[PDB]
């Protein structure tokens, strides 16, 4: 089964999560795992001035999403929705929609926020779009034990992995957050192989 980890990141938090998701998915033998980012929509000069992070991941095309058995989408929140960059990219999948190209493929979502608020809404609003394409939606539930720990500030929900970046973006994804992300990658890839071989 082929598993695409497709993400948008400005300051690297989602990028770090995406690598963890891919690390989990890769544990599944017979899962072929690929990490790509959506295009930046900001002018390059404004991106740089804002202190955005340069990223090694190849830039995806909308069309190539059809090549995968499972797609795990990562996006930071923008006021409780996916980012404009991820939205713009998904708005370019009308050809895929019309051909039923993503129908029955697995979909799962992970997110990042500054201070936690909107992390659930970002994931479930993204599920809406996945459903229009007839993708099978994969939440993570409470298999990841870290979800029971309320001793430290941490992202992660039953809807999908998340990270808390801090108001000023200075936090890095924690061990527990990354664990949950790895689990989500393992679980989705396992399902993809179960379904598609």
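Numbering follows the first chain given and starts at 1. Just so we're on the same page, rigid core means the largest C-alpha set that superposes within 1.5 Å between forms.
Between 55-63 and 31-39, the larger mean CA deviation from the shown form in 9 other deposited structures of this protein, after core superposition, belongs to 55-63. Where the other entries of this protein model the residues before and after it, residue 69 is kept in all of them rather than dropped from a third. Modelled in this chain, residue 128 is likewise built in all the other compared entries whose models extend past it on both sides, so a third of them omitting it does not occur. Between 119-127 and 90-98, the higher mean Cα B-factor belongs to 90-98. Comparing the deposited coordinates for 50-58 and 158-166, the stretch with the larger average C-alpha B-factor is 50-58. Of the candidates 137, 150, 70, 140, it is 150 whose Cα B-factor is highest according to the PDB record. In the deposited entry, the Cα temperature factor of residue 184 sits in the bottom third of values across the chain's modelled residues. In the deposited entry, the Cα temperature factor of residue 132 sits in the bottom third of values across the chain's modelled residues.
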